[PDB]
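Visitor: Questions regarding the structure given below will be posed in turn.
Read-outs: derived from the displayed coordinates by stated rules, not from any lab. Please note: Cβ atoms are built from the backbone with ideal geometry, for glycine as well, and neighbour counts cover all protein chains shown.
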Amino acid sequence: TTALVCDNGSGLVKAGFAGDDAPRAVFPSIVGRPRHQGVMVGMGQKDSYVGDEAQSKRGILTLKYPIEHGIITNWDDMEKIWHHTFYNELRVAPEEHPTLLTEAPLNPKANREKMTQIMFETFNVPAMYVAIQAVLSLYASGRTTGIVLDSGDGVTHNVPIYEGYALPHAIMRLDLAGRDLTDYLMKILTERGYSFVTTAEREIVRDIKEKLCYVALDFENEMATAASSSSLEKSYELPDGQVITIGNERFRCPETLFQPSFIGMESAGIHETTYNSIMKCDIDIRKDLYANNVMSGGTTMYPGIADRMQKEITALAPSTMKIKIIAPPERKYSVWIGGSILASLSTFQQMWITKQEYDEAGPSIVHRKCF
Amino acid sequence: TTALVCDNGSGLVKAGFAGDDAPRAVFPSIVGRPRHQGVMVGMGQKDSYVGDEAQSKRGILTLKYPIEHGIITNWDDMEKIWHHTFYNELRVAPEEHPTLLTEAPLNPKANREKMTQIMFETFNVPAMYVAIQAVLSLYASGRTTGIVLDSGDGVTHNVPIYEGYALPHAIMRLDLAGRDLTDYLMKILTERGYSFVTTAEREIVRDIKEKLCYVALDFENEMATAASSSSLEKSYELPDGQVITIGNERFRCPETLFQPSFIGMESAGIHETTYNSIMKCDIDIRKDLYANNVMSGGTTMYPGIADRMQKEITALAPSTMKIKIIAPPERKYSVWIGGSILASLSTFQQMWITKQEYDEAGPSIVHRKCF
Amino acid sequence: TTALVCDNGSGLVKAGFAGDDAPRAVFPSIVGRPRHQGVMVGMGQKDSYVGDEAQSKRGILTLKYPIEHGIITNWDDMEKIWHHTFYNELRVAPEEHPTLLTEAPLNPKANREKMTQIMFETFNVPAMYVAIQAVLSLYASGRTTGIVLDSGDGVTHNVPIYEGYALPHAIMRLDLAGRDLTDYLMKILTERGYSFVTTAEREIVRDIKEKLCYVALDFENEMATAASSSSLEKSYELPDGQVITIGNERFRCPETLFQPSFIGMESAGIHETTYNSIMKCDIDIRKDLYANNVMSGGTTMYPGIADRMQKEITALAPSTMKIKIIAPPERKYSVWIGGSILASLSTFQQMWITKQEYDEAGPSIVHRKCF
Amino acid sequence: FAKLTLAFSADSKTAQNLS
Ligand SMILES: Nc1ncnc2c1ncn2[C@@H]1O[C@H](COP(=O)(O)OP(=O)(O)O)[C@@H](O)[C@H]1O
Ligand SMILES: Nc1ncnc2c1ncn2[C@@H]1O[C@H](COP(=O)(O)OP(=O)(O)O)[C@@H](O)[C@H]1O
Ligand SMILES: Nc1ncnc2c1ncn2[C@@H]1O[C@H](COP(=O)(O)OP(=O)(O)O)[C@@H](O)[C@H]1O
Ligand SMILES: [Mg+2]
Ligand SMILES: [Mg+2]
Ligand SMILES: [Mg+2]
């Protein structure tokens, strides 16, 4: 039987089959509800719109994210996301197809418990697995050793692996990713005059961030360049036809990833997080983590981030070590591609959490069987 | 059992059955009462005249409109209008047929209370319902989304509806329509030596407004053209035999719709009211609404109004928007046609306000049941 | 040299000297223009009336508000407001008196640019400063820690401050205040038959809201009580002598502050805004923020709002917290009183933005110097 | 006790929118 990989990220659900190269169904994880009064009777008036339909009719909908910082808050909304991504996107029956899910490290355990219980009682499977995203990213990079910075839409985590042995005391989680960048861009877009308050306008500011934003190599020189001349300014067309023009806010929005104190967080940026995750490891393997800095996630999809990361780690590391940022062009879907490796591996077939094991051991086998 | 549709506008009652294309009875809502000393005994003398008979003998009658700006003041006159349009015009029993009535938005509630009370106690029905006219106009246009500018004889209102979901905070109401234009034409027809002060003469000035008037594409150029040459001047024959000739007053009378400051009103024109009702909506849906300007009512029956409205909205909107105005040739009765859409729907059978629910909850259930 | 405090609010300009308890010049910010044809020659017919004169002759004027939601749109009208509030009300030379101004948080920066440019070029002061209103309200409360909800005529903002250290990532701005309540009362007064459409009638509806309206402790029990008996109904005399009587609209008007979905806004009420601004803060200051809820602004001047605010925050907070809504009776002018503190402090004298610093650094020092 | 032993033993949418 062919398997399913369903990366339930905070922003974008990426679901599809096993053995494929690209994910079949990429759609954002929002649940929309109508907030006005319907006057036309009938017309297929649904009480809820899930996914890209909620992207389409978004001017009359309140959009709720079921996932915040890797932790599923609303569980009926997550059931609606899973029902949509099984029955509408893929059009599959989960009773005859295995499923691998991805999970951030340092997650609360009851999230995994309710994920296992919904996947075994509501959408009950022959088998399923819950894995760590950084192991799948290092699978898709094609190497055995390396440190992975995975930054989705809620969770930025650094996990180092040497020779297939992960070090659990060096795992570093930071709750700063693209949704906080979207909220900070909504905060700083009001400086120029453009106001975005609703949940519908969050998608517009997210589209502005996806199309126009980039990581600056030097923040002070780019701020002096944007203050001096209007060469870095770019224009964008809104859905109502109005045209906006933004300047330094193209690079101030991803600069929260290297300076969290803009949004009031005490913790350091991603480069010192990666450097402290390197320095928490044992002393022999650090050189083998210095040359294999694998990036993944959509938030590392800016076209300035690899050279900035190389500059900051080269500033932090000793000078006699080679810093090599592994940045593949397909790093956005890469965790899914790692699942398409790991579902296809012949040695993984004994590592399924079967239904008989769940019915024997309760919902307690998921802690001792997984990581 | 077929339903009944009875649009009780400020100027013309349009009544008929459901399922029919044309309105069966279109007649003005006037009540005539005699104002002179009757000297011949007998001869079929009536104390009241309603409708076309009151139009026939209008030289010796005082005509009263029971509805002014959507608010019915004289209620015995309105009972005579309803008794005439049930027993004489339509000749049907109101005890065996449901009756839908229409209503302007932001109408006073006691009008709906007394309408429900007279429909349930004087002309007691199986059921009744109070609906919005712009929903029926958008039904008659055959679409789901769109902004509706309805303009009858008293009320001109803009209602935007997106995907069957109306926006109640964006509904705009203006008390300026064809009766005020008839009074303004009565004011400006005294410039050329023609005096019209009685209520009988208001029908003649309304016939002059219906027949000869048109909307100028540019007001200043057409005024300079009419001041320069006598090419736009037209002649009309009065029923006694006199001939009048008018020039610029063909396009000064419907210019008050686009410019209310002629008749001393602080409100802006209908194009800026339509633009503000678009701009009060959410930012995602405006590209539909600019493509779906829907006009209805007889006051939009001038043969110059759509090009002027397109020029004004095209000047107001940004240049990347397709300004489309849907003005069907049957837009004078289309609201009634929309009632014949809604009363013949199979899903509207559950939304009637019955006799038993009225006797349970008093005459106050029509607020919670309707819009 | 005695300083000046000029709170340019959205609805009422409050200006006066420093060192004083009560504001000397409190007058609404409206610019009137005549919309009718003047026929009497001479007699000092001004083309514009500013302030209380615009309140006096408002039957023949169109009144324009130069400030909408804290953002000054019309700048020549704002220059007329500033020229009237310096030369006519205060009767002071602006070039010999420093003038602190107030500003809403999360304002567009070009408003601050043009405010600094007009305050340094047209009315060329020796020095000025732009501050935040909530810090002035926490000055006038006498304390140091606390969260301030300042609600004026355009802007309702929540700002938390602990020990003189604000948290700018928890400042929450909501564009819902007393002008939206005045427009909502203008919308809901049409149910009873009273129509108010012009800008002259908006002052009458605002005076009705100031005199008769109050905040319900519970909305549903008050609605059932007003629906049951006519004990809550009150009367008011119009300037033409007609007497109006209102019932539940006394408490339906400020209930939009706790339920914004009455006017079609997606965001939550002011109590949920205060609770989310408390929960956005760090944890160890939170017990200090629950006990110091300081309220200011005229929109918090209803005689039911402190008990409703205490009930809603105690419903949202955990049960072992001492909720204490600080509601002084002088909270309508209290922001100005805080300006009278901050202009009179000995340590503030080094924090003026001078003329020489403006001429050195352009109109760009107001972002770097102010907060 | 017998019930305790037995219990605890160890299309329309498209037709609507068209019309
Ligand atoms: N080309 C891009 N440039 C900048 N940011 C991007 C780009 N593509 C995606 N993003 C950001 O990354 C996020 C998607 O990353 P992903 O790992 O797919 O999130 P999730 O899996 O949690 O939905 C989006 O929220 C978006 O803000
Ligand atoms: N062909 C026309 N051209 C210009 N004006 C018209 C025309 N037909 C009707 N009108 C005017 O437009 C008004 C609107 O008519 P209607 O909406 O049927 O009024 P009501 O339904 O309120 O009685 C009428 O009062 C009439 O004076
Ligand atoms: N007694 C009252 N009850 C309710 N609202 C009031 C009362 N007095 C004034 N207001 C409202 O307060 C507003 C004035 O607030 P203001 O002091 O100008 O705040 P800001 O300066 O922040 O705009 C007015 O628009 C009015 O609607
Ligand atoms: Mg992911
Ligand atoms: Mg009509
Ligand atoms: Mg203020």
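Visitor: Sort out for me the Cα centre separation of the stretch C:126-178 from the stretch B:191-262, rounded to whole Å.
Guide: 60 Å
Visitor: Sorted by mean Cβ packing within 10 Å, highest first, what order do the peptides A:312-320, B:108-116, A:130-138, A:187-195 take?
Guide: Result, highest mean first: A:130-138, B:108-116, A:187-195, A:312-320.
Visitor: Using DSSP to call loops (not H, G, I, E or B), can you name the trypsin sites (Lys or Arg not before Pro) in the stretch B:58-104 whose Cβ has at most 11 other Cβ atoms within 10 angstrom?
Guide: Filter output for the stretch B:58-104: B:91.
Visitor: What does the structure give for A:37-48 when I average, per residue, the other chain Cβ atoms found within 10 Å of the residue Cβ?
Guide: 6
Visitor: State the antiparallel share, in %, of DSSP beta bridges confined to the protein assembly as shown, rounding to the nearest 5.
Guide: 70 percent
Visitor: Where in the stretch B:306-331 is the amide nitrogen less than 13 Å from a point lying 7 Å along the Cα-to-Cβ axis of residue A:243?
Guide: Residues B:318-321 fall inside that zone.
Visitor: With an 8 Å Cα cut-off and a minimum separation of 6 or more residues, compute the relative contact order for the stretch A:28-69 in percent.
Guide: On the way: 48 pairs, mean separation 24.5, N = 42.
Averaging sequence separation for qualifying contacts and normalising by length gives 58 percent for the stretch A:28-69.
Visitor: Okay, moving on. Please compute the average number of Cβ atoms from other chains found within 10 Å of each residue's Cβ in peptide C:260-267.
Guide: Across the residues of C:260-267, the mean count of other-chain Cβ atoms within 10 Å is 4.
Visitor: At 7 Å along Cα-to-Cβ for each site, give me the label-to-label distance between residue D:16 and residue C:268 in nm.
Guide: Those two pseudo-labels are separated by 3.3 nm.
Visitor: Let me ask you something else. How large is the Rg to Rh ratio of the stretch B:28-69 when both quantities use alpha carbon positions and Rh follows Kirkwood?
Guide: 1.01
Visitor: First select every other residue whose beta carbon is under 14 angstrom from the beta carbon of residue C:231; then total the charges, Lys and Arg +1, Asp and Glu -1.
Guide: Surrounding charge for residue C:231 is 0.
Visitor: May I ask you to report, in nm to one decimal and beginning with the shortest, the distances from residue A:345 to the same position in the other copies, taking label points 7 Å along Cα-to-Cβ?
Guide: Here the equivalent label points are 5.7, 6.2 nm apart from this one.
Visitor: Determine the shape class of the stretch B:112-188: with a ≥ b ≥ c the square roots of the Cα gyration tensor eigenvalues, call it rounded for a/c under 1.5, and otherwise prolate if a/b is greater than b/c, oblate otherwise.
Guide: oblate
Visitor: When each copy gets a label point 7 Å from Cα toward the beta-carbon at residue B:42, what are the spacings between them in nm, shortest first?
Guide: Spacings between copies for this position, smallest first, are 5.8, 7.3 nm.
Visitor: For peptide B:313-321, how many partner chain Cβ atoms fall within 10 Å of a residue's Cβ, on average?
Guide: 2
Visitor: Here is a further query. List the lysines whose alpha-carbon lies under 29 Å from that of residue C:211, not counting same-chain residues fewer than 8 positions away?
Guide: Output for residue C:211: B:109, C:14, C:57, C:64, C:187, C:234, C:311, C:324, C:332.
Visitor: For the protein assembly as shown, with only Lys/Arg (+1) and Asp/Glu (-1) charged at the beta-carbon, what is the dipole magnitude about the Cα centre, in debye rounded to 20?
Guide: Approximately 300 debye in magnitude.
Visitor: What percentage of all Cα-Cα pairs in chain B are separated by more than 37 Å?
Guide: 24 percent
Visitor: Next question, about the same structure. Taking other Cβ within 10 Å of each residue's Cβ, how do B:6, B:370 sort, fewest first?
Guide: Result, fewest neighbours first: B:370, B:6.
Visitor: Right, another one. Do any trypsin sites (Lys or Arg not before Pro) in the stretch B:301-363 lie in a DSSP loop with no more than 10 other beta carbon atoms within 10 Å, and if so, which?
Guide: On the way: sites: B:308, B:311, B:322, B:324, B:331, B:332, B:355; in loops: B:322, B:324, B:331, B:332.
Those satisfying the criteria are B:322.
Visitor: List the distances, in nm to one decimal, from the label point of residue B:214 to the label points of the same position in every other copy, shortest first, placing each label point 7 Å from Cα along the Cα-to-Cβ direction.
Guide: With the label placed 7 Å along Cα→Cβ, residue B:214 yields 5.7, 6.3 nm.
Visitor: Given contacts defined as C-alpha pairs under 8 Å and at least six residues apart, what's the relative contact order of chain C, whole-number percent?
Guide: 20 percent.
Visitor: Separate question: At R0 = 41 Å, how high is the FRET efficiency between residue C:74 and residue C:349 if r is their beta carbon distance? Nearest 0.05 is fine.
Guide: Once rounded, the FRET efficiency stands at 0.75.
Visitor: Then there is this: How far, in whole Å, is the closest Cβ of chain C from the axis that maps C onto B, and which residue does it belong to?
Guide: C:197, 3
Visitor: Rank these for me by crowding, A:87, A:139, going from fewest to most other beta carbons within 10 Å. Walk me through the intermediate numbers first.
Guide: Values: A:87 13, A:139 20.
The order, fewest Cβ neighbours first, is A:87, A:139.
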